[PDB]
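Colleague: Please see the structure below; I have some questions.
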Amino acid sequence: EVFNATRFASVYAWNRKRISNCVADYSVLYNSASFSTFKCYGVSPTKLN
Amino acid sequence: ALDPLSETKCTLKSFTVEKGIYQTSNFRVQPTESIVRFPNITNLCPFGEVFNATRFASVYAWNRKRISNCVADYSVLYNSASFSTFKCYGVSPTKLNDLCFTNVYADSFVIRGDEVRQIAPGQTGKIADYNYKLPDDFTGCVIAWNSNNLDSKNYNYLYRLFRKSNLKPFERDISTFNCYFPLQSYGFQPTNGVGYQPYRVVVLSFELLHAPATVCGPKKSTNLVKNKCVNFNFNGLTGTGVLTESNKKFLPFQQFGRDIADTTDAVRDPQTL
Amino acid sequence: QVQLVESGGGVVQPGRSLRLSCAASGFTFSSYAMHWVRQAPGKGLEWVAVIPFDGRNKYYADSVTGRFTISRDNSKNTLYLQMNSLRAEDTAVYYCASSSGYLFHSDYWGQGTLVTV
Amino acid sequence: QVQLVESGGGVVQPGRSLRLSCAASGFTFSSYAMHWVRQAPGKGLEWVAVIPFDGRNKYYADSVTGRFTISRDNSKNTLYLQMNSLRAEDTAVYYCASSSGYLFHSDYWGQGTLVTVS
Amino acid sequence: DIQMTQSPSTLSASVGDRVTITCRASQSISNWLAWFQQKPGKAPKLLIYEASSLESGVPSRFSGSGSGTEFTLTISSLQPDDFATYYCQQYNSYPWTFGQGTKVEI
Amino acid sequence: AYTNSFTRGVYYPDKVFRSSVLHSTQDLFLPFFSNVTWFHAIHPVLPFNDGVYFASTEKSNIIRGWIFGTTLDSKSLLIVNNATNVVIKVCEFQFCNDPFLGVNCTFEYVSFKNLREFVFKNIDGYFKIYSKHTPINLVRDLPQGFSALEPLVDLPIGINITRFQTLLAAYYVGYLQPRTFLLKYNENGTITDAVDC
Amino acid sequence: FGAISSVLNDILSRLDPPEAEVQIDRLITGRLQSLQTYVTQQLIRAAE
Amino acid sequence: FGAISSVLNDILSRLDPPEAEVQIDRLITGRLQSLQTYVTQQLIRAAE
Ligand SMILES: *[C@@H]1O[C@H](CO[C@@H]2O[C@@H](C)[C@@H](O)[C@@H](O)[C@@H]2O)[C@@H](O[C@@H]2O[C@H](CO)[C@@H](O[C@@H]3O[C@H](CO)[C@@H](O)[C@H](O)[C@@H]3O)[C@H](O)[C@H]2NC(C)=O)[C@H](O)[C@H]1NC(C)=O
Ligand SMILES: *[C@@H]1O[C@H](CO)[C@@H](O[C@@H]2O[C@H](CO)[C@@H](O)[C@H](O)[C@H]2NC(C)=O)[C@H](O)[C@H]1NC(C)=O
Ligand SMILES: *[C@@H]1O[C@H](CO)[C@@H](O[C@@H]2O[C@H](CO)[C@@H](O)[C@H](O)[C@H]2NC(C)=O)[C@H](O)[C@H]1NC(C)=O
Ligand SMILES: *[C@@H]1O[C@H](CO)[C@@H](O)[C@H](O)[C@H]1NC(C)=O
Ligand SMILES: *[C@@H]1O[C@H](CO)[C@@H](O)[C@H](O)[C@H]1NC(C)=O
Ligand SMILES: *[C@@H]1O[C@H](CO)[C@@H](O)[C@H](O)[C@H]1NC(C)=O
Ligand SMILES: *[C@@H]1O[C@H](CO)[C@@H](O)[C@H](O)[C@H]1NC(C)=O
């Protein structure tokens, strides 16, 4: 409901959705090859899971 | 610096000084000549046979060509504007022509534009973790440039997929749910975006000087001077000292000795064994 | 359909120059690599030159290096080959060729024009 | 001007497959997102599928997910839809449509072709 | 460069016959070879690409085989319009080189 | 059968000369006084877990070869010395279920009375081989004594190795373990003593 | 000491080594400096 | 000390000043920290 959402907010009024009570599999996002950049800062994208 | 007395005044920060013996500076003999030593290898280096390859290897079975017994001119590579990037990790790209290396490997392959960032130490991804993984302490230069009119048409470039768990560095696994051959082809077409264009990548993996080197840069050798302070440069092992004949028995594979302080203690003249 | 038309052939004195022109129709010339190829009268044909669609690269056969230049303008959908310092052995019928992919395909060969030096 | 021509329509036995084609003329087909829409006899139109111009994305209606495949080739300026496991309820007139901007524009609708599954 | 040798140079046969043309590569073109036919007054006219793949409009009697350095052009049954010269062509590495040719005679 | 690898397996850690200095280093070594598997050859595919010490005692040079790989038959390395000229090929050869010698690849090289020692470790795609030859007069097992193995070849095959088989006089197999040693270089730059930490 | 966390295991669970070694180096730098201070204090006090 | 090499001349041969200065700094703060420890050790030992 976030990434492939048909519509994103304009940046000056950037939207945000809260995430809680779920099983977050960050691999499906990370290994998805559609991404031109994937930069993590406080963590590394292979330690997320 | 006018005289020893004037040195004492500067150290003591006074125009008059008490009697005594005062340490002021450090006397150093200066080197008189400059000596450059390199081997006969003046045979040219076939970088054209790499970077001008008509056919490049697919990424899963990347073509690893060895380079040795040549004189590598990296200025041709570095200066050429045909390269979209030139990213070195262990050395500065302008210093290449000064060093000399034990061996050189030119690992060449074609990858999709979006993944050019994945050919880098300590990276992961579909290409970086299933096709071609670089070690974290990688030493070398990564080179890439657009090939959108040399490769695109095309579906002859393959890259692996779902079933695996390993990529350990520089491993080339060419092995070939219900079933799926672990390889799918890039859809390189001339009409796609930059992130979808094919990129010809060449990675020069350098092995640092630990042995009698064999690939030196385009340097001019000189004669050798003994028993005198010279600035010496043997195969890129630079330093200042007095070169004397030794009574040490090097083993045939040992290029140079060391002291307990990791400073060079003895060297083997690359031209006179 | 797909046709390549060569023009500019004729007779040239030795050491002089000639320019060939090549019209393309029936395909996306702006994204196809181009080739020139010549055949001597009743001799084996010789590859001459190639240029990709954006022309950043330009390759030649050895015998014409430094004397021949290939050029293109996707705006006019035309291919050109400028010859300088022509010699007698350069007398041949010159063809345009290209590929939907990577190889000369017979659909993509011109009728040819004769150059006599 | 801008004309879109559907082709390949006919009669289908249940469970088998068919390929449709839509031809484009009069606009930059290679730069427009393209769509399929069907409308069963005397019933409402149903949005089916859309392909962006580069084909990096393909979105499909729930009733046809896993069975329909849309494709395009900008070189030929044509739109292709693949139907597999066709069922009787898939009988409809199928339209290829697009937008000069983002919304289906009236100049950008074809005449349609009839697909009958029986 | 890459050198390619055709054999035989000239070869005479009648209509319907089995003929084979052998192409010799100085090194691996692994399967990237092309076969062309030329009659006089005609351009080089394609037959096969990567040495086993049939072009559109090319009769099935035309076929090829081989990989690496040794390659083969095949005529199952001669037709009267097949009397011409045949060139194997490599394209593994530039410059693209051509064989000496094989002209089939009556 | 089993034997005591008393002190052997120590090899020059790098390619830098030193002298008269006690150098501490860590790598994949054959631990001292370890179990090593003994095979004899009168009247066998083994694991390669992390790097395999090898040694053999000969009278007529019947031991000639090694096969390194995972399946070791037409899917690999080959090392053969046919009586005057060493041959190293890494082609995926056709091998019998019990390979023997009569009386897709990357690399290709060309060239009891004697003891021949080796070390084979494959790290980061680099297949590293060390060796040392010495005369012996003994018929039982590995002579107790110390000498150091030295590099001769470096093979960046990238070929993955898990099992190996000896081709054809006893030969012996240990296994390497990442232990730190203290090496004693003599006055001449030769390893003469070692301590397993 | 400038690190993102003072729990050594938290860094190791969170960062890849190519990035962790920067962070870990900061913690070692200080903790090593801290020992140096403490032992120096002991020596002087031991002399007293 | 975290530097790419412990041979000072090696870095200067390999790296241009913009980057080598970072690596050189790493060695400097280390070795200087080493003299600091050694000089301090001497002083206490001197008093003893
Ligand atoms: C890869 O190939 C390209 C194309 O050149 C061709 O290949 C070479 C190996 C030689 O065989 C050439 O004769 C051949 O045409 C090389 O790119 C450019 O090559 C030229 C040499 O022709 C280099 O010299 C330049 O020549 C022009 C001619 O006027 C001068 O104006 C320039 O000042 C310069 O001297 C040129 O540096 C080089 N690179 C460019 C143009 O960016 C290429 O060198 C070769 N190898 C590699 C590693 O790329
Ligand atoms: C080298 O080969 C071995 C097989 O002999 C590989 O180990 C297997 O790797 C697969 C990968 O999915 C696992 O499913 C198996 O369980 C592994 N086998 C065992 C016994 O653990 C090993 O990964 C290979 N290494 C490289 C670098 O290719
Ligand atoms: C090296 O590996 C390649 C992997 O592709 C082998 O090529 C395959 O060969 C078999 C027949 O031996 C064919 O059925 C396959 O179609 C080939 N692969 C492809 C992608 O076409 C090749 O044979 C191997 N080399 C050997 C065994 O010497
Ligand atoms: C290299 O050539 C020089 C002469 O230029 C010669 O003196 C020297 O012996 C040669 N090095 C060898 C043969 O290793
Ligand atoms: C090796 O271990 C086995 C038991 O697994 C034991 O029988 C044997 O004595 C050991 N080898 C030696 C040389 O002691
Ligand atoms: C060993 O084998 C190689 C090729 O297998 C051959 O060239 C060589 O002559 C052989 N040596 C002897 C002594 O026969
Ligand atoms: C070094 O070699 C010489 C022979 O050249 C020998 O006399 C000497 O004993 C050797 N040094 C040692 C420590 O054995």
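By convention here, the chains of the structure tokens are called A, B, ... in the order presented, each chain's residues are numbered starting at 1, and ligands are numbered starting at 1 in the order presented.
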Neighbours of ligand 1 within 9 Å, counting only C-alpha atoms and all ligand atoms, as a list in words?
Modeller: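 Counting only C-alpha atoms and all ligand atoms, the residues within 9 Å of ligand 1 come out as residues 46, 47, 48, 49, 50, 51, 52, 53, 74, 76, 77, 79, 80, 81, 82 and 83 of chain B; 57, 58, 59, 60, 62, 65 and 66 of chain C.
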Colleague: Taking only C-alpha atoms and all ligand atoms into account, list the residues no farther than 8 Å from ligand 7, as number ranges by chain.
Modeller: F: 186-188
Colleague: Nearest to chain C: which of B:19, B:153, B:117, B:249 is it, counting only C-alpha atoms?
Modeller: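 Checking each candidate against chain C, we get B:153 as the closest.
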Colleague: All C-alpha atoms, paired in order, least-squares superposition of chain G on chain H: what RMSD does that give?
Modeller: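 When all C-alpha atoms are superposed, the deviation is 0.2 Å.
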Colleague: Mind listing the residues within 12 Å of ligand 6, only C-alpha atoms and all ligand atoms counted, as a list in words?
Modeller: residues 64, 78, 79, 80, 81, 82, 83, 84, 85, 86, 87, 88, 89, 103, 108, 109, 110 and 111 of chain F
Colleague: Find the residues near residue 170 in chain F: any atom within 8 Å, counting only C-alpha atoms, skip ones fewer than 5 places away on the same chain, and give them as a ChimeraX atom specification.
Modeller: /F:38-41,56-58,141
Colleague: Could you list, as a VMD selection string, all the residues within 10 Å of ligand 2, counting only C-alpha atoms and all ligand atoms?
Modeller: (chain B and resid 163 to 175) or (chain F and resid 47 to 49 69 to 71 123 to 125 158 to 163)
Colleague: Output the selection as a short mmCIF file (atom, residue, chain, number, x, y, z; two decimals), in the first residue's frame - N, CA, C and O atoms for each residue.
Modeller:
data_model
loop_
_atom_site.label_atom_id
_atom_site.label_comp_id
_atom_site.auth_asym_id
_atom_site.auth_seq_id
_atom_site.Cartn_x
_atom_site.Cartn_y
_atom_site.Cartn_z
N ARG B 163 17.16 -19.65 -7.29
CA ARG B 163 17.73 -20.74 -6.51
C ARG B 163 19.24 -20.62 -6.36
O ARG B 163 19.98 -20.80 -7.34
N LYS B 164 19.69 -20.30 -5.15
CA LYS B 164 21.08 -20.39 -4.74
C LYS B 164 21.22 -20.00 -3.27
O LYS B 164 20.31 -19.38 -2.71
N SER B 165 22.34 -20.35 -2.64
CA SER B 165 22.80 -19.57 -1.51
C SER B 165 24.31 -19.64 -1.38
O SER B 165 24.83 -20.43 -0.58
N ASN B 166 25.01 -18.79 -2.14
CA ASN B 166 26.44 -18.52 -1.99
C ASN B 166 26.87 -17.54 -3.08
O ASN B 166 26.26 -17.52 -4.15
N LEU B 167 27.91 -16.76 -2.83
CA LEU B 167 28.53 -16.00 -3.91
C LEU B 167 30.02 -15.81 -3.72
O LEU B 167 30.61 -14.98 -4.41
N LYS B 168 30.64 -16.56 -2.80
CA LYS B 168 31.91 -16.21 -2.16
C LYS B 168 32.91 -15.62 -3.16
O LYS B 168 33.02 -16.12 -4.28
N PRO B 169 33.68 -14.60 -2.76
CA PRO B 169 34.23 -13.65 -3.75
C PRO B 169 34.97 -14.28 -4.91
O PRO B 169 35.69 -15.27 -4.76
N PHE B 170 34.79 -13.69 -6.09
CA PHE B 170 35.37 -14.18 -7.34
C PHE B 170 35.05 -15.64 -7.61
O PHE B 170 35.88 -16.36 -8.16
N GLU B 171 33.86 -16.10 -7.24
CA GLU B 171 33.44 -17.44 -7.62
C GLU B 171 32.63 -17.37 -8.90
O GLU B 171 31.77 -16.49 -9.05
N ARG B 172 32.90 -18.28 -9.82
CA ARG B 172 32.21 -18.33 -11.11
C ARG B 172 31.43 -19.63 -11.17
O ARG B 172 31.97 -20.68 -11.51
N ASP B 173 30.15 -19.56 -10.81
CA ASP B 173 29.27 -20.72 -10.86
C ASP B 173 28.50 -20.69 -12.17
O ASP B 173 27.63 -19.83 -12.36
N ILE B 174 28.81 -21.62 -13.07
CA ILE B 174 28.15 -21.67 -14.36
C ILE B 174 27.20 -22.85 -14.46
O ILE B 174 26.83 -23.26 -15.57
N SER B 175 26.78 -23.41 -13.33
CA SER B 175 25.84 -24.52 -13.35
C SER B 175 24.51 -24.07 -13.94
O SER B 175 24.06 -22.94 -13.73
N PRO F 47 37.22 -35.64 1.76
CA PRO F 47 36.78 -34.25 1.91
C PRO F 47 37.94 -33.27 1.81
O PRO F 47 39.09 -33.60 2.11
N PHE F 48 37.62 -32.04 1.39
CA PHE F 48 38.58 -30.95 1.29
C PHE F 48 38.20 -29.77 2.19
O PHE F 48 38.42 -28.62 1.81
N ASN F 49 37.68 -30.05 3.38
CA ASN F 49 36.87 -29.10 4.15
C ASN F 49 37.32 -27.64 4.06
O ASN F 49 36.50 -26.77 3.75
N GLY F 69 37.48 -31.02 -6.79
CA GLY F 69 36.19 -30.61 -7.30
C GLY F 69 35.08 -30.94 -6.33
O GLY F 69 35.31 -31.17 -5.14
N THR F 70 33.85 -30.95 -6.86
CA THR F 70 32.67 -31.32 -6.10
C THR F 70 32.13 -32.67 -6.57
O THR F 70 31.80 -33.52 -5.74
N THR F 71 32.02 -32.89 -7.88
CA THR F 71 31.57 -34.17 -8.41
C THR F 71 32.68 -34.98 -9.06
O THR F 71 32.60 -36.21 -9.09
N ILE F 123 41.31 -20.11 -1.29
CA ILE F 123 40.65 -18.98 -0.65
C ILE F 123 40.38 -17.92 -1.71
O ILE F 123 41.27 -17.59 -2.51
N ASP F 124 39.15 -17.42 -1.74
CA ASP F 124 38.76 -16.32 -2.62
C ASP F 124 39.08 -16.61 -4.08
O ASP F 124 39.54 -15.75 -4.83
N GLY F 125 38.85 -17.86 -4.49
CA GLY F 125 39.05 -18.25 -5.87
C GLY F 125 40.49 -18.52 -6.25
O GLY F 125 40.75 -18.87 -7.40
N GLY F 158 38.93 -19.91 -9.41
CA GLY F 158 37.58 -19.61 -9.01
C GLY F 158 36.75 -20.88 -8.90
O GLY F 158 35.59 -20.85 -8.49
N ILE F 159 37.37 -22.01 -9.25
CA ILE F 159 36.67 -23.28 -9.23
C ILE F 159 36.46 -23.73 -7.80
O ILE F 159 37.40 -23.76 -6.99
N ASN F 160 35.22 -24.09 -7.48
CA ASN F 160 34.85 -24.44 -6.11
C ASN F 160 35.30 -25.86 -5.81
O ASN F 160 35.07 -26.77 -6.61
N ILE F 161 35.92 -26.06 -4.65
CA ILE F 161 36.51 -27.35 -4.30
C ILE F 161 35.92 -27.81 -2.98
O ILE F 161 35.94 -27.07 -1.99
N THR F 162 35.41 -29.04 -2.96
CA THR F 162 34.90 -29.67 -1.75
C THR F 162 35.46 -31.05 -1.48
O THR F 162 35.62 -31.42 -0.31
N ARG F 163 35.77 -31.83 -2.52
CA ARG F 163 36.29 -33.18 -2.35
C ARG F 163 37.49 -33.34 -3.27
O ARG F 163 37.59 -32.69 -4.31
#
Colleague: Might you pull out every residue within 10 Å of range 7-16 of chain E, with only C-alpha atoms counted and same-chain residues fewer than 4 positions away left off, and present them as an MDAnalysis selection string?
Modeller: chainID E and resid 20:24 72 75:83 85:86 99:106
Colleague: Would you list which chain H residues are within 12 Å of chain B using only C-alpha atoms, as a list in words?
Modeller: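 Applying the cut-off to the listed atoms yields residues 3, 4, 5, 6, 7, 8, 9, 10, 11, 12, 13, 14, 15, 16, 17, 18, 19, 20 and 23 of chain H.
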Colleague: Counting only C-alpha atoms, a student should be able to say which residues of chain C come within 12 Å of chain D; what is the right answer, written as a list in words?
Modeller: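 Close to chain D, chain C has residues 26, 27, 28, 29, 30, 31 and 100 of chain C.
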Colleague: Limited to N, CA and C atoms, could you put the picked residues into a file as a short mmCIF file (atom, residue, chain, number, x, y, z; two decimals), in the first residue's frame?
Modeller:
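Final file, out_25.cif:
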data_model
loop_
_atom_site.label_atom_id
_atom_site.label_comp_id
_atom_site.auth_asym_id
_atom_site.auth_seq_id
_atom_site.Cartn_x
_atom_site.Cartn_y
_atom_site.Cartn_z
N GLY C 26 12.46 2.52 -44.59
CA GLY C 26 11.77 1.32 -44.16
C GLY C 26 12.21 0.74 -42.84
N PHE C 27 13.07 1.44 -42.10
CA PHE C 27 13.51 0.93 -40.81
C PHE C 27 14.03 2.09 -39.98
N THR C 28 14.13 1.85 -38.67
CA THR C 28 14.60 2.86 -37.72
C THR C 28 16.11 3.05 -37.87
N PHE C 29 16.46 3.86 -38.86
CA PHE C 29 17.86 4.16 -39.14
C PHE C 29 18.55 4.81 -37.95
N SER C 30 17.80 5.54 -37.12
CA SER C 30 18.39 6.28 -36.02
C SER C 30 18.87 5.40 -34.88
N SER C 31 18.57 4.10 -34.90
CA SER C 31 19.00 3.19 -33.85
C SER C 31 19.70 1.95 -34.39
N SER C 100 19.02 -5.68 -38.48
CA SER C 100 18.01 -5.57 -37.44
C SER C 100 18.59 -5.89 -36.08
#
Colleague: Pick out the residues sitting within 12 Å of residue 30 in chain G, and hand them over as a short mmCIF file (atom, residue, chain, number, x, y, z; two decimals) with C-alpha atoms, in the first residue's frame; count only C-alpha atoms, and ignore anything fewer than 4 positions along from it in its own chain.
Modeller:
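Final output, result.cif:
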data_model
loop_
_atom_site.label_atom_id
_atom_site.label_comp_id
_atom_site.auth_asym_id
_atom_site.auth_seq_id
_atom_site.Cartn_x
_atom_site.Cartn_y
_atom_site.Cartn_z
CA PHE G 1 32.71 8.25 21.13
CA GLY G 2 30.89 9.34 17.99
CA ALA G 3 29.53 5.88 17.27
CA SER G 6 27.76 2.12 22.59
CA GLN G 23 31.89 2.67 13.61
CA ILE G 24 33.73 -0.05 15.52
CA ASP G 25 36.98 1.84 15.03
CA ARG G 26 35.54 4.84 16.86
CA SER G 34 40.25 5.03 28.21
CA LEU G 35 42.36 2.07 29.30
CA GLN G 36 45.49 4.07 28.53
CA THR G 37 44.26 6.73 30.92
#
Colleague: Counting only C-alpha atoms, what is within 12 Å of residue 22 in chain B, bar same-chain residues fewer than 3 positions away, as a ChimeraX atom specification?
Modeller: /B:4-5,7-12,17-19,25
Colleague: Taking only C-alpha atoms and all ligand atoms into account, list the residues no farther than 8 Å from ligand 5, as a ChimeraX atom specification.
Modeller: /F:1-5,34-37
